[PDB]
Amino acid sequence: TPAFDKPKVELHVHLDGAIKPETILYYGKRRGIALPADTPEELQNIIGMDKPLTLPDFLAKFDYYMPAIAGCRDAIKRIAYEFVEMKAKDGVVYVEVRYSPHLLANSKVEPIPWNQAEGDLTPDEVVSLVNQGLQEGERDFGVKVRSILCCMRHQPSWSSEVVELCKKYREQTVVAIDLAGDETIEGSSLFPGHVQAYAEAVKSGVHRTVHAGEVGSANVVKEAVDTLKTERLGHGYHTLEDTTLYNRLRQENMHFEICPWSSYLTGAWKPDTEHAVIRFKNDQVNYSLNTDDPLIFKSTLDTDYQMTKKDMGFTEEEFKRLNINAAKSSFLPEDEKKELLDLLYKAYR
């Protein structure tokens, strides 16, 4: 039985980490692309994980299935559409899905990703394709959907395209910019290509979020907040190692996109310490619960709610509260943000 059987709001989930094994297998076979297994069940076992992995072991997971979807228009649009259906089964009423448009392209994209051969799908089209999938999905399944394009910490040369992409496709599902990738890459937060892109995001009113504090120190979080001027933090668990940064962030009602289950499987969180979210709760912090990558973590939104309910004493009043904050922190136009809030209020009370 669902841990929290009411409407939910999800702000931190990767499109390329939320694909149906079947769909991966389908395109794998239909377009001759080598694939570990050939049975959906076995496929999820190899792609899924249940024990922390090194960055490399983890990254490798993508080389596995990405070549199957990347470059194929049909597949890009489809996984987008199928992702909305997955969310509907979760009882999610609003969701912000993110992904790197360059990682699904095989044209333009400088270092062509996944040892993919030069193709015809550019990053710009990837975005428009995804927009349609997400849009038809919203129509058919009843879930409000917005998207966020990610910049990659190791490739600042893409960041400007990313912000221009968010600018060119706004309203049209794209509501913000993000920064994902290796946090340990020394100085990555300050790469001129990244800071300029977020600076442009500010000049153009493009909402900002950043993956910081998941593995890197509190300083990675600081740079995210003070230099990139982020409005939301992806994870941000290590913020707690700097009480003044933490106190200030609490002061400014900063939003933390928490991924409980995710943190446990990646090692970002060691089961010997009290999970960072438990203190966020005790501190009445502005945060939300997210799946991050259902595919790799073999989960569903419930997985995370089950985890905090069972192992962290999370009440219902808390679930409703954190979801209310998720709505309040959404990148939706105030206009539509109020409408989401009324939905949840009348549904929670």
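In this text, residue numbers run from 1 along the sequence as written. Rigid core here is just the name for the largest C-alpha set that superposes within 1.5 Å across the two forms.
Superposition on the core shows that, in 7 other deposited structures of this protein, the C-alpha atoms drift more in one of 29-37 and 320-328; this is 29-37. Stretch comparison (279-287 versus 60-68) by mean CA B-factor in the PDB entry places 60-68 on top. Higher average CA B factor: 167-175, of the stretches 218-226 and 167-175. In the deposited coordinates, the residue among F256, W158, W114, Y198 with the greatest CA B-factor is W114. Across the options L340, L25, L15, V9, the residue with the most elevated CA B-factor in the record is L25. Among all modelled residues in its chain, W269 ranks in the highest third by Cα B-factor.
Per the deposited record, the Cα B-factor of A75 falls in the highest third when ranked against the other modelled residues of its chain. Annotation for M86: C-alpha temperature factor in the highest third relative to the rest of the modelled chain, per the entry. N45: CA B factor in the highest third of modelled residues in this chain (values from the PDB entry). Among the modelled residues of its chain, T54 has a C-alpha B-factor that falls in the highest third, as given in the PDB entry.
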